[PDB]
Amino acid sequence: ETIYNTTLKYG
Amino acid sequence: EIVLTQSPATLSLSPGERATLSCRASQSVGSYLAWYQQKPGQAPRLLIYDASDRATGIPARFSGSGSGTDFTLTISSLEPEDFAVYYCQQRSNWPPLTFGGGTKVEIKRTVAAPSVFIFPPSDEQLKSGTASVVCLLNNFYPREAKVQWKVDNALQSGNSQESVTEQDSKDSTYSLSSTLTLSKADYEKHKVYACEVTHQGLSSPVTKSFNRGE
Amino acid sequence: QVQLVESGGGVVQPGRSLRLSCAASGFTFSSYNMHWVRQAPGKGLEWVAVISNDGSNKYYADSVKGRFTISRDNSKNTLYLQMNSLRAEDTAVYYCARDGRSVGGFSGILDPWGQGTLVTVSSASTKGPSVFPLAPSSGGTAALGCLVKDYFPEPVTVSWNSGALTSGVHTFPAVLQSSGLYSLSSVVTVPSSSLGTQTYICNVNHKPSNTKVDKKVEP
């Protein structure tokens, strides 16, 4: 499956 | 928030033609721009992500390109199933995740002027104490049309409601129904009820009318 | 086999509360962040909220802050949206959508989406429709129909001649009147020569009120 870039990091 | 603007709001094309849809962002979103398709009566479906990458199982006729503020979605040759609404969506700067307003891809056909019909309120409804006058615009194209209600030659504004069908599966036209609603008491105070229809296929407006009680 | 199924939608009074559910199957639910998105009738898409895989990180659209709460129960493969202090403008189909997998946070890719569940914010009570004729007024074409007036909630279905008449039929989207009740018209165009010989009956079914009406429409 596709792995996308993170655009909003976890806290 | 990042505002996404899609143009044109409606694309009118024939099956087999090339479709080019535009999305513009209020500031740069890099390549973080996706496209979703929404078929009538269905949930949206991911088509393209990161401006140009096709999602799993999406046919090769769909493609995208662009970076920064300007993006395009291309359908190289429209299939019947591609007449639908398309939304762009940015994920560069969020929350909120934002969507464009959508572009509808509709079937292009020749201009067709509406057939117009007016219906007085039924005796049955009048006994119940209210009056609905209905104006029907049948099988016209394109969808832009104007209905002007008149009551004893006074233009009515704000006291009617209308709705429009989806494009017909057989002849690709639209139809429109407009209801003017009045109390029975106000209905009985006036004589001439008229529906005046303006459409680009009509050389001049078409008016259908009746005299109450005739 | 990834599937998302929303439930819980219905009529809710302004100022009251409603909880939506989204049941996930076909994937490891606890591994994914999840979104809610909504679509008002005839309008576009509006992102509502997101929640991290483990429930600890939550964000909301400005329009629902302080009123809506997103939550999840990973042991039950379920996502929730608790909606308080509901407003007319909250009327919409609500979709859950899976956040695309990424490392260290949220992606903001929505794939796939559920089928949606409809929330109608209204003070109206269930009411069956009145069905009035739109009577036909030449060797040409006549129009006739049925006005299906003052019902709540959506939807209603209309057929003609128990489904035997489909050509030329147009059943229009309902409009919401200032009363809070809906009104809809259904029309058909037929040969003017048929008006003396052919019976035309519109079959109206308002299932929320168990109301069925067969209305014969005569010149």
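When we count neighbours, we look across all protein chains shown, and the Cβ atoms used for this are built from the backbone with ideal geometry, even at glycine. What follows draws every value from the coordinates through simple rules; no lab data is involved.
A few remarks follow.
- Each helix, a run of at least 4 DSSP H residues, gives -39500 (n - 2.57); summed and divided by the residues of chain B, these come to -1000 deg cm²/dmol at 222 nm.
- Share, in percent, of DSSP beta bridges within the protein assembly as shown that are antiparallel, nearest 5: 95 percent
- Dipole of segment B:4-107 computed with +1 at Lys/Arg Cβ and -1 at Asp/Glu Cβ about the Cα centre; of B:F83, B:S14, B:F71, farthest Cα towards the positive end is B:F71.
- Between segment B:129-175 and segment B:23-81, the C-alpha centres lie 34 angstrom from each other.
- Greater than 28 Å apart at Cα, pairs in B:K127/B:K208; B:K127/C:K127; A:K9/C:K43; B:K39/C:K65; B:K146/C:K207; C:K43/C:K65: A:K9/C:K43; B:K39/C:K65; B:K146/C:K207
- Simple Cβ-charge dipole of chain B, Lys/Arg +1 and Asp/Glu -1, about Cα centre, in debye nearest 20: 100 debye
- Relative to the Cα centre, the charge distribution of the protein assembly as shown, modelled as +1 at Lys and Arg Cβ and -1 at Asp and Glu Cβ, gives a dipole magnitude of about 540 debye.
- Candidates C:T157, C:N57, C:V187 compared by Cα position along the dipole of chain C: farthest toward the positive end lies C:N57, with charges placed on Cβ.
- In this Cβ point-charge picture (+1 for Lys and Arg, -1 for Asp and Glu), segment B:4-107 has a dipole of about 160 debye about its Cα centre.
- Most fluctuating residue given options B:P95, B:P142, B:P80, as computed from a GNM of chain B linking Cα atoms under 10 Å: B:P95
- Net charge of neighbours whose Cβ lies under 15 Å from the Cβ of C:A23, counting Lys and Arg as +1 and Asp and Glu as -1: +2
- In this structure, the amide hydrogen of B:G101, modeled 1.01 Å from its nitrogen in the peptide plane, lies closer than 5 angstrom to those of B:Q6, counting only residues at least 5 positions away or on a different chain.
- Taking amide H as placed 1.01 Å from N in the peptide plane, the amide H of C:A61 sits under 5 Å from that of C:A49, each at least 5 places away or on another chain.
- Environment charge of C:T211, counting only residues whose C-beta is closer than 13 Å and scoring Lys/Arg +1, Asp/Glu -1: +3
- Look at B:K108, C:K65 and count the other Cβ atoms within 10 Å of each Cβ; fewest to most, that gives C:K65, B:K108.
- Percent antiparallel among DSSP beta bridges (both partners in chain B, rounded to 5): 95 percent
- 13 Å beta-carbon shell around C:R72, net charge (K/R +1, D/E -1): +1
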